[PDB]
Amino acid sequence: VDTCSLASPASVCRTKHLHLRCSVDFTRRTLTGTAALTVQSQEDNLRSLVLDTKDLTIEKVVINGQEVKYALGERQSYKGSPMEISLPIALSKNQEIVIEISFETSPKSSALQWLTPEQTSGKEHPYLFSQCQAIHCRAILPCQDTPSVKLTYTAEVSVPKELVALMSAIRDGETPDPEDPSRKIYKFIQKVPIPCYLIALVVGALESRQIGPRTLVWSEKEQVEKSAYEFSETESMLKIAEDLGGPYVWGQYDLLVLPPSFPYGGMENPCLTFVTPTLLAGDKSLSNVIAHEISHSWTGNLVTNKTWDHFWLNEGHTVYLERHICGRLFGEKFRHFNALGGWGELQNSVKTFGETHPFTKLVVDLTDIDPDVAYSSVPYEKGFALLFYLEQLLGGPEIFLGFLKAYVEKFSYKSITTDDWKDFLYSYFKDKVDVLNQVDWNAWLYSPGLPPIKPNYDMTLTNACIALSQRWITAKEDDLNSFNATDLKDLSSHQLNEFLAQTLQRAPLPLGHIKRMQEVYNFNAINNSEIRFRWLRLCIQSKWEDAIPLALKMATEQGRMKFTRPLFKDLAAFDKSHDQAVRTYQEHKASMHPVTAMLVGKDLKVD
């Protein structure tokens, strides 16, 4: 049972294809058109079905060229409004009919952020982008908004001729709009089945730069070059991904760098991964995110979770692949480093949520929880810890990598559950069931808190970050002078960031220490947002007022909820800055991403 979807479940019927014809109106801030769903009954004598919707307007529902009777249920808050459609012919099992839904999006769609020209880079054209994960696709078009159904789709999107529309699909040509010479219609096709949460759309003054045989980089003219360099490793990473996971089945793999208010590091949208511009560190140092989004092409996009409760299979396995790709590119020692660093985040997640919080479990029950509200790093890192502990328990990377490739092939184009994964794990490792039984499953999968056992991490690259953080934390006033820029001479960007995480964990520090740190290290001048984000969190935690404007600028100048949400939270927990924080949010709420707004509001306990 998928408790996040009011629509008919897979056992009743399935959506095999979507055909989407729509036009983007930037004045009305609406998407208008038709959605043609080829639905296949899964039982004998199916007379009606129910689709997900949210803030949608339905003009009519057509089947076999005649208007049929439909019904929009009463809103269930974040789940939307169920939509029951009365079929004109009762369907045998496996039969199909196409349902043409004529709809229109609301300007407040939880899935779409509209950007005024002012809000973009060029300053001369508006901009639009979607974010359907986890259950916002229902806010774009009617559907069975659940990962338990996988459809193919085709699309024709009318957009003002001077803009460009890209989708999570293969480009299939562009021609002027015959009903209107002010508009172009861009075509798309996605011949691989996907869950509707991977449907994605973008419209704006986008250009492209090619950085690989199957890889263009899209963004506004102001960042296309910055971005094509930052992500030059894409092709290298895609090959390594193909070696570990098997053939990349989606054809093209393009990258889109969105405006600052995009809420996440990246979205593994097929054929077109979205990423936050905060990755543009100028040294390729945050490129693991690309490797993460690349890896989703196997774990998540190909083998998908059946319900959102088993989401850890998506990110858990993906992260596992991400760090192997980095391990291939820079060395096993660097793989462990990121692995140990993930454990440190997992601690921050459990310490913040609390050792008993339901959302520190690996498999969660999202009945009556807003998925947007449950999202965290737990599935990513605790999910990784389980796989990394199995790799060591079953004979090492090489062995476990073999199971991963077998896992991905076994369940490709399908949607599975945690139990499906457990059974196959036992099956692949039948000659090691003794070793498998050794694992406290009920604790790993359904118990809160840190994992029962901590894997073994290589410390080689982490030692320097521990060494420097111990000096700073144990130093008295007569040690502050010896600190000096040379202390970092041999620290890489990733090491520089882990040192700040090492220190950030023992906050607050003496205000004198924080100042001496800015004085010797000049951390203010760094633009890598990961480093700068942790720096300003340390300052604000250590009650340095001077950081209050810096933290506010960063919390508002970009929208990545990884950075924005903590910064705002820390700022609201600092008495000197609480008022500004709550004032600034109010001032910005209307122009923030709909999901980011709601969540920052909940964090500040406002409205």
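So that there is no doubt, residue numbering starts at 1 and follows the sequence shown.
- A summary of the deposited B-factors shows that, of 178-186 and 154-162, the stretch with the larger mean C-alpha value is 178-186.
- Across the two stretches, 480-488 and 114-122, the PDB entry reports the greater mean Cα temperature factor for 480-488.
- Set against one another, the Cα B-factors of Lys239, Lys430, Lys284, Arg323 in the record reach their highest point at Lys430.
- You'll see in the entry that, of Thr234, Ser77, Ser219, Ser297, the Cα B factor peaks at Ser77.
- Per the PDB record, residue ranking by Cα B-factor puts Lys410 in the middle third of the chain.
- When the modelled residues of the chain are ordered by C-alpha B-factor, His17 sits in the lowest third.
- The PDB entry assigns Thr32 a C-alpha temperature factor belonging to the middle third of its chain's modelled residues.
- In the deposited entry, the Cα temperature factor of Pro455 sits in the middle third of values across the chain's modelled residues.
- In this PDB entry, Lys543 carries a Cα temperature factor that places it within the highest third of its chain's modelled residues.
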